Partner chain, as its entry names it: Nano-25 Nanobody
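Just the one chain here, laid out as structure tokens, in the form deposited without the partner chain.
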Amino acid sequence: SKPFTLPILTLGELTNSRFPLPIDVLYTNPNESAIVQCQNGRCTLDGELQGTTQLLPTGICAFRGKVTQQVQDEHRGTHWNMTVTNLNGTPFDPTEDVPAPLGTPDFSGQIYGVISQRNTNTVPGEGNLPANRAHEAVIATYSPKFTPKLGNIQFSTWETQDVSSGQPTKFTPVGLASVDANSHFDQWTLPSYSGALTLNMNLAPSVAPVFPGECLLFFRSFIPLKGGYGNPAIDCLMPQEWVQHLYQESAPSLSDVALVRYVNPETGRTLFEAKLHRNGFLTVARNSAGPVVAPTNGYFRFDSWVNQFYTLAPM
């Protein structure tokens, strides 16, 4: 049985699996009322990707496809419909057992980024090269027009004209447009992948502590804002590098819970211990919300597989 392992990466060497951001801090929120059921950064300890999770850091909250036409929408700005393919360019097959194309955003909000295009057709007078354009864009994942599971979504631009129809289109995520009341940011509310009133399917399961005194431990990143007030954050269950490592290794899970220790490599001392659960998430024995204030060199080290009776030392 191939021994289970985690990568040896400090917090400053990790990135978020739910948005293209570095990990900033470890974080807890024991009194969170929402169901925690994110779809990116989901991977079992034996290497099975789940939900909309894929391996590319560049694929997280990215879209690839083609603009079909400019469309009408009551909201401010100029709106565009785009078909979306799989990130590798092959057509998305809605009959596949996934909630949506892999990489699709897994939260409600106004995702800010850049739409870019490189035309298929080339111009002889320009050295047989294609024309290009890029503009800021916003994707409202709560919108009834956000239907990635159906193979198309809508984005808005400040730019009123310079977006071409029928041309290869890329969305590069940068942050959020706003976290105002009317922008509906909620990192734990899933989009309706097939549109309003439809049930999401093939979801990675919800996660939660089962043991008294325990709470979820998150890898937190702060996400940029186009404007307005706020310090929004995105919490993932495991960094993208862990997803990548677990997938590579595919080590058999020898129980439902792996005991891991957060270690200071300088002192060698254990800062705290955590349970790493089979489905791919952490719990700690902590009675407070907020950042885990720990030396920058710290990293999780796999200790052993434990049983249903193991009690964590309080943080």
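Heads up, when I say rigid core I mean the largest set of C-alphas that superpose within 1.5 Å between the two forms. Residue numbers count along the first chain shown, from 1. Only residues modelled in both forms are compared.
Form deposited with the partner chain bound: not shown, discussed below.
By the criterion of a heavy atom within 4.5 Å, residue 208 is counted among the residues contacting the partner chain in the entry with it bound. Although the partner is absent from this view, residue 68 stays clear of the partner chain in the entry with it bound, with no non-hydrogen atom inside 4.5 angstroms. Looking at residue 35, you'd find a heavy atom of it within 4.5 angstroms of the partner chain in the entry with it bound. The closest non-hydrogen atom of residue 195 lies beyond 4.5 Å of the partner chain in the entry with it bound.
Heavy atoms closer than or equal to 4.5 Å to the partner chain in the entry with it bound belong, across 287 to 308, to the residues 307, 308, ordered by sequence position. After superposition on the rigid core, displacement of the C-alpha of residue 97 between the shown form and the other one stays below 2 Å. Once you line up the core between the shown form and the other one, the Cα of residue 73 ends up 2 Å or more from where it was. Legend: core-fitted overlay between the shown form and the other one; highlighted in sequence order are 73 to 76, 307 to 309, the runs of at least 3 consecutive residues with CA shifts of 2 angstroms or more.
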